[PDB]
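See below for entry12.csv, which holds CSV, C-alpha atoms.
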chain,number,residue,atom,x,y,z
B,1,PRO,CA,0.0,0.0,0.0
B,2,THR,CA,1.7,3.1,-1.3
B,3,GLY,CA,-0.1,5.2,-3.9
B,4,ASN,CA,-2.9,2.7,-3.2
B,5,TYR,CA,-5.1,5.7,-4.3
B,6,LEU,CA,-6.3,3.1,-6.9
B,7,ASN,CA,-7.9,0.8,-4.3
B,8,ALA,CA,-10.2,3.6,-3.2
B,9,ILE,CA,-11.2,4.2,-6.8
B,10,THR,CA,-11.7,0.5,-7.5
B,11,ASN,CA,-13.9,0.1,-4.4
B,12,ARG,CA,-16.6,2.6,-5.4
B,13,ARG,CA,-19.9,2.4,-7.2
B,14,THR,CA,-23.5,3.5,-7.2
B,15,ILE,CA,-25.4,2.7,-4.1
B,16,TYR,CA,-29.2,2.8,-3.9
B,17,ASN,CA,-29.4,0.9,-0.6
B,18,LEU,CA,-29.7,3.9,1.5
B,19,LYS,CA,-30.8,4.7,5.1
B,20,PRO,CA,-30.6,8.2,6.5
B,21,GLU,CA,-27.4,7.3,8.3
B,22,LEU,CA,-25.1,9.7,10.2
B,23,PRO,CA,-23.1,7.5,9.8
B,24,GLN,CA,-21.4,5.8,12.8
B,25,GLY,CA,-18.5,7.8,14.2
B,26,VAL,CA,-18.8,10.7,11.8
B,27,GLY,CA,-21.1,13.7,12.0
B,28,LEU,CA,-22.4,16.1,9.3
B,29,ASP,CA,-19.8,18.9,9.4
B,30,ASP,CA,-17.3,16.1,8.8
B,31,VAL,CA,-18.7,15.7,5.4
B,32,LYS,CA,-18.8,19.4,4.9
B,33,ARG,CA,-15.0,19.6,4.9
B,34,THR,CA,-14.5,16.6,2.6
B,35,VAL,CA,-16.2,18.2,-0.4
B,36,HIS,CA,-15.0,21.7,0.6
B,37,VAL,CA,-11.4,20.6,0.5
B,38,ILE,CA,-12.0,19.2,-3.0
B,39,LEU,CA,-13.6,22.3,-4.4
B,40,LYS,CA,-10.7,24.3,-3.0
B,41,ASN,CA,-8.1,21.9,-4.3
B,42,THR,CA,-9.6,21.2,-7.7
B,43,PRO,CA,-7.8,22.9,-10.7
B,44,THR,CA,-10.1,24.9,-12.9
B,45,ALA,CA,-8.6,25.7,-16.2
B,46,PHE,CA,-7.0,29.2,-16.2
B,47,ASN,CA,-7.9,29.7,-12.5
B,48,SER,CA,-11.6,30.4,-13.4
B,49,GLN,CA,-12.7,28.8,-10.1
B,50,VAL,CA,-16.2,28.2,-11.5
B,51,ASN,CA,-17.3,25.1,-9.7
B,52,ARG,CA,-19.2,25.5,-6.4
B,53,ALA,CA,-21.5,23.2,-4.4
B,54,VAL,CA,-24.4,23.1,-1.9
B,55,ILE,CA,-25.1,20.3,0.5
B,56,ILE,CA,-28.7,19.9,1.5
B,57,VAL,CA,-30.3,17.8,4.3
B,58,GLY,CA,-33.3,17.1,6.5
B,59,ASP,CA,-36.7,18.6,5.4
B,60,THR,CA,-34.8,20.8,2.9
B,61,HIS,CA,-33.5,17.6,1.2
B,62,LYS,CA,-37.0,16.0,1.2
B,63,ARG,CA,-38.5,19.3,-0.1
B,64,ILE,CA,-36.8,19.1,-3.5
B,65,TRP,CA,-37.1,15.5,-4.4
B,66,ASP,CA,-40.7,15.7,-3.5
B,67,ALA,CA,-41.0,18.6,-5.9
B,68,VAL,CA,-39.3,16.6,-8.7
B,69,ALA,CA,-41.5,13.5,-7.9
B,70,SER,CA,-44.5,15.7,-8.7
B,71,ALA,CA,-43.1,16.9,-12.0
B,72,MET,CA,-42.8,13.2,-12.7
B,73,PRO,CA,-46.2,11.7,-13.2
B,74,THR,CA,-45.8,8.1,-14.0
B,75,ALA,CA,-45.2,6.3,-10.6
B,76,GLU,CA,-42.5,4.0,-12.0
B,77,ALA,CA,-40.6,7.1,-13.0
B,78,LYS,CA,-40.7,8.6,-9.6
B,79,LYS,CA,-39.3,5.8,-7.5
B,80,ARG,CA,-36.0,7.5,-7.9
B,81,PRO,CA,-36.7,11.0,-6.5
B,82,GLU,CA,-39.0,9.6,-3.8
B,83,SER,CA,-36.5,7.0,-2.9
B,84,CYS,CA,-34.0,9.9,-2.6
B,85,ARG,CA,-36.2,11.9,-0.2
B,86,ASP,CA,-37.2,8.9,2.0
B,87,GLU,CA,-34.0,6.9,2.1
B,88,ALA,CA,-31.2,9.4,2.0
B,89,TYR,CA,-29.6,11.6,4.8
B,90,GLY,CA,-29.1,14.3,2.2
B,91,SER,CA,-27.6,15.2,-1.1
B,92,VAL,CA,-24.5,17.1,-2.4
B,93,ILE,CA,-25.3,19.2,-5.4
B,94,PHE,CA,-22.6,20.7,-7.7
B,95,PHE,CA,-22.6,23.8,-9.8
B,96,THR,CA,-20.5,25.8,-12.2
B,97,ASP,CA,-20.4,29.6,-11.9
B,98,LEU,CA,-21.2,30.6,-15.5
B,99,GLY,CA,-20.0,34.1,-14.4
B,100,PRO,CA,-16.2,33.7,-15.0
B,101,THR,CA,-16.8,31.4,-18.0
B,102,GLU,CA,-18.7,34.3,-19.5
B,103,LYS,CA,-15.8,36.7,-18.6
B,104,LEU,CA,-13.1,34.5,-20.2
B,105,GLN,CA,-15.3,34.3,-23.4
B,106,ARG,CA,-15.2,38.1,-23.3
B,107,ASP,CA,-11.5,38.8,-22.8
B,108,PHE,CA,-10.5,35.9,-25.1
B,109,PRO,CA,-13.1,36.0,-27.9
B,110,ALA,CA,-10.9,33.6,-29.9
B,111,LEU,CA,-11.0,30.8,-27.4
B,112,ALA,CA,-14.6,31.3,-26.4
B,113,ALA,CA,-15.4,27.6,-27.1
B,114,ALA,CA,-13.1,25.7,-24.8
B,115,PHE,CA,-14.3,27.7,-21.8
B,116,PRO,CA,-17.7,26.0,-21.4
B,117,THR,CA,-15.9,22.7,-22.0
B,118,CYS,CA,-13.1,23.4,-19.5
B,119,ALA,CA,-15.7,24.1,-16.9
B,120,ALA,CA,-17.5,20.8,-17.6
B,121,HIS,CA,-14.1,19.1,-17.1
B,122,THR,CA,-13.5,20.5,-13.6
B,123,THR,CA,-17.0,20.1,-12.3
B,124,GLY,CA,-16.9,16.4,-13.1
B,125,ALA,CA,-13.4,16.4,-11.4
B,126,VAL,CA,-15.0,17.4,-8.1
B,127,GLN,CA,-17.9,15.0,-8.6
B,128,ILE,CA,-16.0,11.8,-8.9
B,129,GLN,CA,-13.7,12.8,-6.1
B,130,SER,CA,-16.3,13.8,-3.5
B,131,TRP,CA,-18.2,10.6,-4.4
B,132,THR,CA,-15.1,8.5,-4.1
B,133,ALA,CA,-14.3,10.2,-0.8
B,134,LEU,CA,-17.8,10.0,0.8
B,135,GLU,CA,-17.7,6.2,0.3
B,136,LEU,CA,-14.4,6.1,2.2
B,137,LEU,CA,-16.1,7.6,5.3
B,138,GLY,CA,-18.5,4.7,5.1
B,139,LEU,CA,-21.5,6.3,3.4
B,140,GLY,CA,-23.2,5.1,0.2
B,141,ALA,CA,-23.8,7.5,-2.6
B,142,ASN,CA,-25.2,7.7,-6.1
B,143,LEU,CA,-25.3,9.9,-9.2
B,144,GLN,CA,-28.3,12.0,-10.2
B,145,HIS,CA,-28.8,14.4,-13.1
B,146,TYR,CA,-32.2,16.1,-12.5
B,147,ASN,CA,-30.5,19.4,-13.2
B,148,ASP,CA,-33.3,21.5,-14.6
B,149,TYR,CA,-35.8,20.0,-12.1
B,150,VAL,CA,-33.8,20.9,-9.0
B,151,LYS,CA,-32.7,24.1,-10.6
B,152,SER,CA,-36.2,25.5,-10.7
B,153,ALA,CA,-36.9,23.8,-7.4
B,154,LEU,CA,-33.8,25.5,-5.9
B,155,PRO,CA,-34.5,28.3,-3.4
B,156,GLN,CA,-34.1,32.1,-4.0
B,157,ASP,CA,-30.8,32.5,-2.0
B,158,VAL,CA,-29.0,30.9,-4.9
B,159,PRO,CA,-27.0,32.8,-7.6
B,160,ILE,CA,-29.0,32.3,-10.8
B,161,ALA,CA,-25.7,32.0,-12.6
B,162,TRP,CA,-25.0,28.7,-10.9
B,163,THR,CA,-25.6,26.0,-13.5
B,164,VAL,CA,-26.8,22.8,-12.0
B,165,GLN,CA,-24.5,19.9,-12.9
B,166,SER,CA,-25.1,16.9,-10.6
B,167,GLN,CA,-26.7,15.7,-7.4
B,168,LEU,CA,-24.6,13.5,-5.2
B,169,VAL,CA,-27.1,11.7,-3.0
B,170,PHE,CA,-25.4,10.4,0.1
B,171,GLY,CA,-26.5,8.1,2.9
B,172,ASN,CA,-7.5,-0.3,-22.0
B,173,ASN,CA,-5.2,2.1,-23.8
B,174,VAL,CA,-2.7,2.1,-26.7
B,175,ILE,CA,1.0,2.8,-26.2
B,176,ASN,CA,3.6,4.1,-28.6
B,177,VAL,CA,6.4,2.6,-28.8
B,178,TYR,CA,6.1,2.1,-32.6
F,1,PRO,CA,-4.7,8.0,8.1
F,2,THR,CA,-8.1,6.8,7.1
F,3,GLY,CA,-9.9,8.2,4.1
F,4,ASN,CA,-6.7,10.3,3.6
F,5,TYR,CA,-7.7,10.5,-0.1
F,6,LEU,CA,-7.7,14.2,0.6
F,7,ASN,CA,-4.0,14.3,1.3
F,8,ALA,CA,-3.3,13.2,-2.3
F,9,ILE,CA,-5.7,15.8,-3.6
F,10,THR,CA,-3.9,18.5,-1.6
F,11,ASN,CA,-0.4,17.2,-2.5
F,12,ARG,CA,-0.9,17.8,-6.2
F,13,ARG,CA,0.0,20.7,-8.4
F,14,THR,CA,1.2,21.7,-11.9
F,15,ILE,CA,4.9,20.9,-12.4
F,16,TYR,CA,7.1,22.4,-15.1
F,17,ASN,CA,10.5,21.3,-13.7
F,18,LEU,CA,10.7,18.1,-15.6
F,19,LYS,CA,13.5,15.7,-16.5
F,20,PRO,CA,12.9,12.6,-18.7
F,21,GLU,CA,12.9,10.5,-15.6
F,22,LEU,CA,12.0,6.8,-15.2
F,23,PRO,CA,11.5,7.6,-12.3
F,24,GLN,CA,13.5,5.6,-9.7
F,25,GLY,CA,11.9,2.3,-8.5
F,26,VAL,CA,9.1,2.7,-11.1
F,27,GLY,CA,9.1,1.4,-14.7
F,28,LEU,CA,6.9,2.6,-17.6
F,29,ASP,CA,4.4,-0.2,-17.5
F,30,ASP,CA,4.0,0.7,-13.8
F,31,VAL,CA,2.5,4.0,-15.0
F,32,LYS,CA,0.5,2.3,-17.8
F,33,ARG,CA,-1.7,0.3,-15.4
F,34,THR,CA,-2.4,3.3,-13.1
F,35,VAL,CA,-4.4,5.1,-15.8
F,36,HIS,CA,-5.6,1.8,-17.3
F,37,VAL,CA,-7.6,1.2,-14.1
F,38,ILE,CA,-8.8,4.7,-13.9
F,39,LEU,CA,-10.4,4.6,-17.3
F,40,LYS,CA,-11.8,1.2,-16.4
F,41,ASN,CA,-13.2,2.1,-13.0
F,42,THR,CA,-14.7,5.5,-14.1
F,43,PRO,CA,-18.5,5.8,-14.1
F,44,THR,CA,-19.3,6.9,-17.6
F,45,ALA,CA,-22.9,8.0,-17.4
F,46,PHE,CA,-25.4,5.6,-18.8
F,47,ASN,CA,-22.6,3.1,-19.3
F,48,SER,CA,-21.5,4.7,-22.5
F,49,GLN,CA,-17.9,4.0,-21.8
F,50,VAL,CA,-16.3,6.6,-24.0
F,51,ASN,CA,-13.1,7.3,-22.2
F,52,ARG,CA,-10.0,6.6,-24.3
F,53,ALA,CA,-6.3,7.3,-23.7
F,54,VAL,CA,-2.8,7.0,-25.3
F,55,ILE,CA,0.5,7.1,-23.5
F,56,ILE,CA,3.2,8.6,-25.7
F,57,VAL,CA,7.0,8.5,-25.2
F,58,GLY,CA,10.4,8.4,-26.9
F,59,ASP,CA,10.9,10.1,-30.3
F,60,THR,CA,7.2,9.7,-30.8
F,61,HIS,CA,6.8,12.2,-28.0
F,62,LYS,CA,9.3,14.7,-29.4
F,63,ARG,CA,7.8,14.1,-32.8
F,64,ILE,CA,4.3,15.5,-32.0
F,65,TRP,CA,5.5,18.4,-29.8
F,66,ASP,CA,7.9,19.4,-32.6
F,67,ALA,CA,4.8,19.6,-34.8
F,68,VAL,CA,2.9,21.8,-32.3
F,69,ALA,CA,6.0,23.9,-31.7
F,70,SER,CA,6.2,24.7,-35.4
F,71,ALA,CA,2.6,25.9,-35.8
F,72,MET,CA,3.5,28.3,-33.0
F,73,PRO,CA,5.3,31.0,-34.9
F,74,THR,CA,6.4,33.5,-32.2
F,75,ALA,CA,9.1,32.0,-30.0
F,76,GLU,CA,7.5,33.0,-26.7
F,77,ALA,CA,4.6,30.6,-27.8
F,78,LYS,CA,7.0,27.7,-28.4
F,79,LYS,CA,8.5,27.8,-24.9
F,80,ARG,CA,5.8,25.4,-23.8
F,81,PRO,CA,5.9,22.5,-26.3
F,82,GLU,CA,9.6,22.6,-26.9
F,83,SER,CA,10.0,22.2,-23.1
F,84,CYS,CA,7.4,19.4,-23.3
F,85,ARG,CA,9.5,17.5,-25.8
F,86,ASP,CA,13.0,18.1,-24.6
F,87,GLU,CA,12.3,18.0,-20.8
F,88,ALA,CA,9.6,15.4,-20.5
F,89,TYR,CA,9.6,11.6,-20.4
F,90,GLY,CA,6.2,11.4,-22.2
F,91,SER,CA,2.6,12.4,-22.2
F,92,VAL,CA,-0.8,10.8,-21.5
F,93,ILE,CA,-3.3,12.1,-23.9
F,94,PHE,CA,-7.0,11.5,-23.2
F,95,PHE,CA,-9.9,11.1,-25.6
F,96,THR,CA,-13.7,10.7,-25.6
F,97,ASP,CA,-15.1,8.3,-28.1
F,98,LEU,CA,-17.7,10.2,-30.1
F,99,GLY,CA,-19.1,6.9,-31.1
F,100,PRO,CA,-21.4,6.0,-28.2
F,101,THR,CA,-22.5,9.6,-27.5
F,102,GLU,CA,-23.7,9.8,-31.1
F,103,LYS,CA,-25.5,6.5,-30.6
F,104,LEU,CA,-27.1,7.7,-27.3
F,105,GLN,CA,-28.2,11.0,-29.1
F,106,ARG,CA,-29.8,8.8,-31.7
F,107,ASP,CA,-31.8,6.4,-29.5
F,108,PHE,CA,-32.9,9.1,-27.0
F,109,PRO,CA,-33.3,12.3,-29.2
F,110,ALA,CA,-34.9,14.1,-26.2
F,111,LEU,CA,-31.8,13.8,-24.0
F,112,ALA,CA,-29.5,14.4,-27.0
F,113,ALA,CA,-28.2,17.5,-25.2
F,114,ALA,CA,-26.9,16.0,-22.0
F,115,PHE,CA,-24.7,13.3,-23.6
F,116,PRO,CA,-21.9,15.6,-24.8
F,117,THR,CA,-21.9,17.1,-21.3
F,118,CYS,CA,-21.9,13.6,-19.7
F,119,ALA,CA,-18.9,12.8,-21.8
F,120,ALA,CA,-17.0,16.0,-20.8
F,121,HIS,CA,-17.7,15.2,-17.1
F,122,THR,CA,-16.3,11.7,-17.3
F,123,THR,CA,-13.1,12.7,-19.1
F,124,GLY,CA,-12.6,15.5,-16.7
F,125,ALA,CA,-12.4,12.7,-14.1
F,126,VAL,CA,-9.8,10.4,-15.6
F,127,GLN,CA,-7.6,13.4,-16.2
F,128,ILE,CA,-7.6,14.7,-12.6
F,129,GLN,CA,-7.3,11.2,-11.1
F,130,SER,CA,-4.4,10.1,-13.3
F,131,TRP,CA,-2.7,13.4,-12.7
F,132,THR,CA,-3.3,13.0,-9.0
F,133,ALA,CA,-2.0,9.5,-9.0
F,134,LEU,CA,1.0,10.0,-11.3
F,135,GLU,CA,2.3,12.5,-8.8
F,136,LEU,CA,1.8,9.9,-6.1
F,137,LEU,CA,4.4,7.7,-7.8
F,138,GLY,CA,6.8,10.5,-7.6
F,139,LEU,CA,6.4,11.9,-11.1
F,140,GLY,CA,5.8,15.5,-12.1
F,141,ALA,CA,2.9,16.3,-14.4
F,142,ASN,CA,0.9,19.1,-15.9
F,143,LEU,CA,-2.2,19.9,-17.9
F,144,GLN,CA,-1.9,20.7,-21.6
F,145,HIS,CA,-4.9,21.5,-23.8
F,146,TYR,CA,-3.1,21.9,-27.2
F,147,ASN,CA,-6.0,20.1,-28.8
F,148,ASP,CA,-6.7,19.9,-32.6
F,149,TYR,CA,-2.9,20.6,-33.0
F,150,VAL,CA,-2.0,17.4,-31.3
F,151,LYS,CA,-5.1,15.8,-32.7
F,152,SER,CA,-4.0,16.6,-36.3
F,153,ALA,CA,-0.4,15.5,-35.4
F,154,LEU,CA,-1.8,12.1,-34.3
F,155,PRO,CA,-1.0,9.2,-36.7
F,156,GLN,CA,-3.6,7.1,-38.5
F,157,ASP,CA,-3.7,4.2,-36.0
F,158,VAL,CA,-6.1,6.4,-34.0
F,159,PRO,CA,-9.8,6.4,-34.7
F,160,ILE,CA,-11.0,9.6,-36.4
F,161,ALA,CA,-13.9,9.6,-33.9
F,162,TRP,CA,-11.7,10.1,-30.9
F,163,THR,CA,-11.9,13.6,-29.5
F,164,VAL,CA,-8.7,15.0,-28.0
F,165,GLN,CA,-9.5,16.5,-24.6
F,166,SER,CA,-6.2,17.0,-22.9
F,167,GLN,CA,-2.5,16.2,-22.8
F,168,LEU,CA,-1.1,15.0,-19.4
F,169,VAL,CA,2.6,15.5,-19.8
F,170,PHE,CA,4.5,13.4,-17.2
F,171,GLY,CA,8.1,13.6,-16.2
F,172,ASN,CA,-16.6,27.4,0.1
F,173,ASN,CA,-20.0,25.7,0.0
F,174,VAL,CA,-23.3,26.7,1.6
F,175,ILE,CA,-24.7,24.3,4.2
F,176,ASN,CA,-28.3,25.1,3.6
F,177,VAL,CA,-29.3,24.1,7.1
F,178,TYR,CA,-32.1,26.7,6.9

For the file at hand, write its structure as structure tokens.
Amino acid sequence: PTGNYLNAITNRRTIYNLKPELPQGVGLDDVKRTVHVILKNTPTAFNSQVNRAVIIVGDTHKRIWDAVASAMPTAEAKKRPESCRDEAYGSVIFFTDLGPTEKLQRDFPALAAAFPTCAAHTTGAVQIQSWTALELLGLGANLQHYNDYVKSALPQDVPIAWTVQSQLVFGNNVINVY
Amino acid sequence: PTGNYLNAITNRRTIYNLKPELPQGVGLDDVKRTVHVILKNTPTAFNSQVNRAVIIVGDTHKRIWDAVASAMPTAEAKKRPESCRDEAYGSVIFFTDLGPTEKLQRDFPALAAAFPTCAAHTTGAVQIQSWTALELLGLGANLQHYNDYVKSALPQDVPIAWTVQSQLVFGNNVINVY
């Protein structure tokens, strides 16, 4: 075990078996740092620093997935949001500040095409890491992409420029050589 | 010493001081498998599995950077690639197979505007993890987004549907608790 950083990656996958667990031996503000230290340590191309995040829990967590599971009207296509608001302790949701990405498109009008793409790179860079780290604490977590649904459902104290990217619900190659 | 996954995230930064180093105690194929299992264990959304990569070295490394540092005409814009060919051991270049995403767009024409984003997310996940893990071995690495240029410089053994995303040259959050 050295840069056994791989073993933490290999032991990680989508977990739907979820109970609103603390979990054992680890509080909430513990989790708060874990994602915080990733947003702070994740390289955004050209120091744009566009990706942010919001963690939601309790009746504020249940409040959103209950809103999605009403915009979903077919029962068998709502056993995902309602199993997210009745089985999960909370959910980490990630954003990308479209603000800077609009500024870089301004000052560098010639490269105003890689900027939206360089932001999509870094936001998925904090997603996989927070996810792979939450599962190290003991939690179980899964992906969700109800972006537009939670975006409208999102409260008012949110910057409207924060584009919704993901919802982390917690609870070979060729080588040359010719 | 527990889920000290964070320590590797913190102990990671762009390195330009590069010598074509093995490095000590670590062969090349040592590096090869590190990324090989990051591409393999990365959650491509909807199991599209579009993440591709190529490790480049030797006079095939200097060959491509010599091509980029020749389309750059102004000296001060050649200081990057010519230092990437004459100071580096090699480069990991990452792709996203446009194949599956095109298939997903076809089958689900309604969601055909989330697939390119779900591909940009997953590539911006194998990049950061490889970079974070290559520096665990002792190497020095950095981001390089000289796309199209290196893409054109690529030989013919590559699929023309592989989209060059990056070149890995090796050598606050609101709590919403009401």

Can you list every residue of chain B that has an atom at most 6 Å from chain F, with its nearest atom pair and the distance in Å to one decimal, using all atoms listed in the file, ordered by chain then number, as a tab-separated table?
residue	atom	partner	partner_atom	distance
B:3	CA	F:136	CA	5.5
B:10	CA	F:41	CA	5.9
B:36	CA	F:172	CA	5.9
B:53	CA	F:173	CA	5.3
B:54	CA	F:174	CA	5.1
B:55	CA	F:175	CA	5.5
B:56	CA	F:176	CA	5.6
B:120	CA	F:121	CA	5.6
B:121	CA	F:124	CA	3.9
B:122	CA	F:124	CA	6.0
B:124	CA	F:121	CA	4.3
B:125	CA	F:125	CA	4.7
B:136	CA	F:3	CA	5.3
B:172	CA	F:36	CA	5.5
B:173	CA	F:53	CA	5.3
B:174	CA	F:54	CA	5.1
B:175	CA	F:55	CA	5.1
B:176	CA	F:56	CA	5.4

How would you write as number ranges by chain the residues that get within 12 Å of (-34.8, 27.3, -8.4) in the file's frame, counting only C-alpha atoms? B: 64, 67-68, 147-164

Interatomic distance between atom CA of residue 21 of chain F and atom CA of residue 168 of chain F? 15.2 Å

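Atom to atom, atom CA of residue 48 of chain F and atom CA of residue 105 of chain F stand 11.3 Å apart.
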
Excluding residue 104 of chain F and any residue of its chain fewer than 4 positions from it, enumerate the residues within 10 Å of it, using only C-alpha atoms, and give them as a PyMOL selection string. chain F and resi 46+48+99-100+108-109+111-112+114-116

If you keep C-alpha atoms, can you produce a file of those selected residues as a PDB file, in the frame of the given file?
ATOM      1  CA  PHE F  46     -25.400   5.600 -18.800  1.00  0.00           C
ATOM      2  CA  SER F  48     -21.500   4.700 -22.500  1.00  0.00           C
ATOM      3  CA  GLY F  99     -19.100   6.900 -31.100  1.00  0.00           C
ATOM      4  CA  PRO F 100     -21.400   6.000 -28.200  1.00  0.00           C
ATOM      5  CA  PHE F 108     -32.900   9.100 -27.000  1.00  0.00           C
ATOM      6  CA  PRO F 109     -33.300  12.300 -29.200  1.00  0.00           C
ATOM      7  CA  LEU F 111     -31.800  13.800 -24.000  1.00  0.00           C
ATOM      8  CA  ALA F 112     -29.500  14.400 -27.000  1.00  0.00           C
ATOM      9  CA  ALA F 114     -26.900  16.000 -22.000  1.00  0.00           C
ATOM     10  CA  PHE F 115     -24.700  13.300 -23.600  1.00  0.00           C
ATOM     11  CA  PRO F 116     -21.900  15.600 -24.800  1.00  0.00           C
TER      12      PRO F 116
END

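A straight line drawn from atom CA of residue 87 of chain F to atom CA of residue 66 of chain F is 12.7 Å long.
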
Set the distance at 9 Å and use only C-alpha atoms: which residues neighbour residue 17 of chain B once local chain neighbours fewer than 2 positions away are removed? I'd like the list as a short mmCIF file (atom, residue, chain, number, x, y, z; two decimals) with C-alpha atoms, keeping the file's coordinate frame.
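Contents of result_0.cif, freshly written:
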data_model
loop_
_atom_site.label_atom_id
_atom_site.label_comp_id
_atom_site.auth_asym_id
_atom_site.auth_seq_id
_atom_site.Cartn_x
_atom_site.Cartn_y
_atom_site.Cartn_z
CA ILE B 15 -25.40 2.70 -4.10
CA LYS B 19 -30.80 4.70 5.10
CA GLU B 87 -34.00 6.90 2.10
CA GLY B 140 -23.20 5.10 0.20
CA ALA B 141 -23.80 7.50 -2.60
CA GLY B 171 -26.50 8.10 2.90
#

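Among the candidates F:72, F:106, F:91, F:113, the one nearest to residue 167 of chain F when counting only C-alpha atoms is F:91.
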